[PDB]
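Please read the structure below before turning to the comments.
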Amino acid sequence: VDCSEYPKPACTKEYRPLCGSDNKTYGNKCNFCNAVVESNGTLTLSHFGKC
Amino acid sequence: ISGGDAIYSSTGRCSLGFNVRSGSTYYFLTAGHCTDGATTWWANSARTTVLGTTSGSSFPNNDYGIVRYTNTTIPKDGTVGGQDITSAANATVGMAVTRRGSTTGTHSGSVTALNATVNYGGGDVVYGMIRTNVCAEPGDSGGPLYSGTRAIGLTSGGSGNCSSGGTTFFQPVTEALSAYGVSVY
C-alpha cells in the first residue's frame, strides 16, 4: 500500500480491511491512506486484514 | 436476502442494493465498483451460500452493476430490511432519504445536491451523482438509498464516518433500471 497519491476527497465504500499501527481496522485502502495523510505521516500499516 | 444485506465477492464485501426483475429473471443491483472484476457472489463470508453471477458492470463514469441470481432456494424480498419498496423515483434537493448498509445499518438524511462529479482518483471519475448528508462506511457500498417506499439510489462513496458525520454520493437508481431493462418489485 502506497499513500503518496493522497489525500483524496472521496472514497468508495467496499470492505477490504487493513490494520493500522493505531490498532484500528481501516475498512479499505482509501480510508487508511486518507487517515495516514491526516496523521501527517505518523500512522503506518501493521498488516493486511483485521486488527 | 434484502436491500442492505451483505454480499461477498472474491475480493471483499459490499451491500445488496435492490432486488429487481425482468420477465421471470431475478437480479440484484449493487455498486459498479463492487461488480468490477467480480464474477461470483456469495451471501456469507464462508462462501458457502451462492447468490449469483455478475451480468453487468458500469464504473467509473457511472456506478452501478447487476448480478443474476443463480440460487434457486434463497428468498429474494422486494424490500430494504423490512421496508417494502414499490417504485423508483428521481431524487430532488431537500428530499428526506434513508440508506441501509451491511456495516452501518440504517441512517437517514437529506439530498443536498444533484448531478455531482466525484473523483475517486486514478482516472476513476463518476458523474451525475446525488449528494447527501448521510454517512456511510466501508462495506456499505451498493446499499440502497430510499425514501418511504421509493427506490432512489445506490451507495457509491464519500467521506467522513457515522460517528462524526459525513457526505455520501449515490448513483440514481433510475439510470440503472433503464440500462438493464429491469424493475423493482
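By convention in this document, the chains of the C-alpha cells carry letters A, B, ... by their order, each chain's residues are numbered from 1, and ligands are numbered from 1 in the order they are shown.
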
Considering only C-alpha atoms, extract the chain A residues located within 7 Å of chain B and return them as a ChimeraX atom specification. /A:8,10-16,27-28

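Near residue 126 (chain B), within 9 Å and counting only C-alpha atoms, sit residues 59, 60, 61, 62, 63, 116, 117, 118, 119, 120 and 171 of chain B, not including residues fewer than 5 positions from it in the same chain.
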
For residue 49 (chain A), find every residue with an atom within 7 Å (counting only C-alpha atoms), except residues of its own chain fewer than 5 positions away, and show them as JSON, numbers by chain. {"A": [17, 18, 19]}

Could you go through region 52-158 of chain B and tell me which residues DSSP, when run on the backbone, assigns to strand (DSSP E), listing them as a ChimeraX atom specification? /B:52-58,64-69,79-80,83-84,87-88,96-101,105-119,125-132,144-147,150-158

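Here CA of residue 56 (chain B) and CA of residue 89 (chain B) stand 22.0 Å from one another.
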
For region 48-51 of chain B, work out the shell of residues within 8 Å, counting only C-alpha atoms and skipping chain neighbours fewer than 3 positions away, then give it as an MDAnalysis selection string. chainID B and resid 40:45 69:71 74

Next, the residues of the selection above should be written as a PDB file, in the first residue's frame with N, CA and C atoms.
```pdb
ATOM      1  N   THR B  40     -18.449 -14.235  -9.198  1.00  0.00           N
ATOM      2  CA  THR B  40     -19.434 -14.898  -8.357  1.00  0.00           C
ATOM      3  C   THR B  40     -19.650 -14.132  -7.054  1.00  0.00           C
ATOM      4  N   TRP B  41     -20.876 -14.185  -6.552  1.00  0.00           N
ATOM      5  CA  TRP B  41     -21.253 -13.518  -5.309  1.00  0.00           C
ATOM      6  C   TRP B  41     -21.835 -14.505  -4.324  1.00  0.00           C
ATOM      7  N   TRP B  42     -21.447 -14.366  -3.051  1.00  0.00           N
ATOM      8  CA  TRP B  42     -21.960 -15.226  -2.007  1.00  0.00           C
ATOM      9  C   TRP B  42     -22.699 -14.421  -0.947  1.00  0.00           C
ATOM     10  N   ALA B  43     -23.569 -15.093  -0.205  1.00  0.00           N
ATOM     11  CA  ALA B  43     -24.328 -14.476   0.872  1.00  0.00           C
ATOM     12  C   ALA B  43     -23.583 -14.437   2.214  1.00  0.00           C
ATOM     13  N   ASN B  44     -22.478 -15.177   2.332  1.00  0.00           N
ATOM     14  CA  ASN B  44     -21.722 -15.218   3.586  1.00  0.00           C
ATOM     15  C   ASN B  44     -20.204 -15.201   3.421  1.00  0.00           C
ATOM     16  N   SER B  45     -19.503 -14.852   4.499  1.00  0.00           N
ATOM     17  CA  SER B  45     -18.040 -14.764   4.464  1.00  0.00           C
ATOM     18  C   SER B  45     -17.407 -16.099   4.191  1.00  0.00           C
ATOM     19  N   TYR B  69     -29.244 -13.773 -10.208  1.00  0.00           N
ATOM     20  CA  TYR B  69     -29.384 -14.812  -9.202  1.00  0.00           C
ATOM     21  C   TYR B  69     -29.275 -16.207  -9.853  1.00  0.00           C
ATOM     22  N   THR B  70     -28.512 -17.093  -9.219  1.00  0.00           N
ATOM     23  CA  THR B  70     -28.378 -18.476  -9.682  1.00  0.00           C
ATOM     24  C   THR B  70     -28.870 -19.397  -8.557  1.00  0.00           C
ATOM     25  N   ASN B  71     -29.023 -18.838  -7.355  1.00  0.00           N
ATOM     26  CA  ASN B  71     -29.515 -19.593  -6.201  1.00  0.00           C
ATOM     27  C   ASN B  71     -31.033 -19.662  -6.277  1.00  0.00           C
ATOM     28  N   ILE B  74     -33.024 -19.447  -2.161  1.00  0.00           N
ATOM     29  CA  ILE B  74     -32.955 -18.238  -1.340  1.00  0.00           C
ATOM     30  C   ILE B  74     -34.082 -17.243  -1.616  1.00  0.00           C
TER      31      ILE B  74
END
```

Leaving out region 37-43 of chain A and any residue of its chain fewer than 5 positions from it, which residues lie within 12 Å of it when counting only C-alpha atoms, given as a VMD selection string? chain A and resid 2 to 9 19 to 24 26 30 to 32

Name the residues in contact with residue 5 (chain B) at a cut-off of 8 Å, using only C-alpha atoms, excluding same-chain residues fewer than 2 positions from it; report them as a PyMOL selection string. chain B and resi 1-3+7+15-16+81+101-102+143

Store the residues picked out above, limited to C-alpha atoms, as a PDB file, in the first residue's frame.
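New file result24.pdb:
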```
ATOM      1  CA  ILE B   1     -31.985 -11.652   1.359  1.00  0.00           C
ATOM      2  CA  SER B   2     -32.957  -7.984   1.029  1.00  0.00           C
ATOM      3  CA  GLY B   3     -31.637  -4.484   0.242  1.00  0.00           C
ATOM      4  CA  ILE B   7     -22.742  -9.594  -0.275  1.00  0.00           C
ATOM      5  CA  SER B  15     -24.088  -4.425   0.196  1.00  0.00           C
ATOM      6  CA  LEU B  16     -27.056  -5.553  -1.900  1.00  0.00           C
ATOM      7  CA  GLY B  81     -34.636  -4.752   5.555  1.00  0.00           C
ATOM      8  CA  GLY B 101     -25.761  -0.866   4.507  1.00  0.00           C
ATOM      9  CA  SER B 102     -24.106  -4.039   5.734  1.00  0.00           C
ATOM     10  CA  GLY B 143     -26.620  -0.418  -0.471  1.00  0.00           C
TER      11      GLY B 143
END
```

What separates CA of residue 35 (chain B) and CA of residue 179 (chain B) is a distance of 15.3 Å

DSSP alpha helix (DSSP H) residues within region 9-175 of chain B, listed as an MDAnalysis selection string: chainID B and resid 32:35 173:175

Next, write the just-selected residues to a file, as a PDB file, in the first residue's frame, keeping N, CA and C atoms as the atom set.
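Generated file (selection_9.pdb):
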```pdb
ATOM      1  N   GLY B  32     -21.257  -0.431  -9.103  1.00  0.00           N
ATOM      2  CA  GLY B  32     -20.405  -0.855 -10.210  1.00  0.00           C
ATOM      3  C   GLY B  32     -18.995  -1.162  -9.742  1.00  0.00           C
ATOM      4  N   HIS B  33     -18.465  -0.344  -8.809  1.00  0.00           N
ATOM      5  CA  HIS B  33     -17.105  -0.575  -8.311  1.00  0.00           C
ATOM      6  C   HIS B  33     -16.988  -1.911  -7.539  1.00  0.00           C
ATOM      7  N   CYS B  34     -18.117  -2.462  -7.116  1.00  0.00           N
ATOM      8  CA  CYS B  34     -18.128  -3.785  -6.454  1.00  0.00           C
ATOM      9  C   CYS B  34     -18.205  -4.915  -7.509  1.00  0.00           C
ATOM     10  N   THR B  35     -18.977  -4.687  -8.576  1.00  0.00           N
ATOM     11  CA  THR B  35     -19.117  -5.707  -9.633  1.00  0.00           C
ATOM     12  C   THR B  35     -17.902  -5.731 -10.579  1.00  0.00           C
ATOM     13  N   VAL B 173     -30.838   5.370  -9.058  1.00  0.00           N
ATOM     14  CA  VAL B 173     -31.254   4.029  -9.430  1.00  0.00           C
ATOM     15  C   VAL B 173     -32.032   3.984 -10.758  1.00  0.00           C
ATOM     16  N   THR B 174     -32.706   5.076 -11.106  1.00  0.00           N
ATOM     17  CA  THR B 174     -33.479   5.079 -12.340  1.00  0.00           C
ATOM     18  C   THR B 174     -32.617   4.791 -13.546  1.00  0.00           C
ATOM     19  N   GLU B 175     -31.421   5.347 -13.552  1.00  0.00           N
ATOM     20  CA  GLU B 175     -30.497   5.153 -14.658  1.00  0.00           C
ATOM     21  C   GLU B 175     -30.120   3.681 -14.796  1.00  0.00           C
TER      22      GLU B 175
END
```

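Straight-line separation from CA of residue 29 (chain A) to CA of residue 145 (chain B): 24.2 Å.
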
Name all residues at most 6 Å from region 24-29 of chain B (count only C-alpha atoms; drop same-chain ones fewer than 3 positions away) and give them as an MDAnalysis selection string. chainID B and resid 17:21 65:69
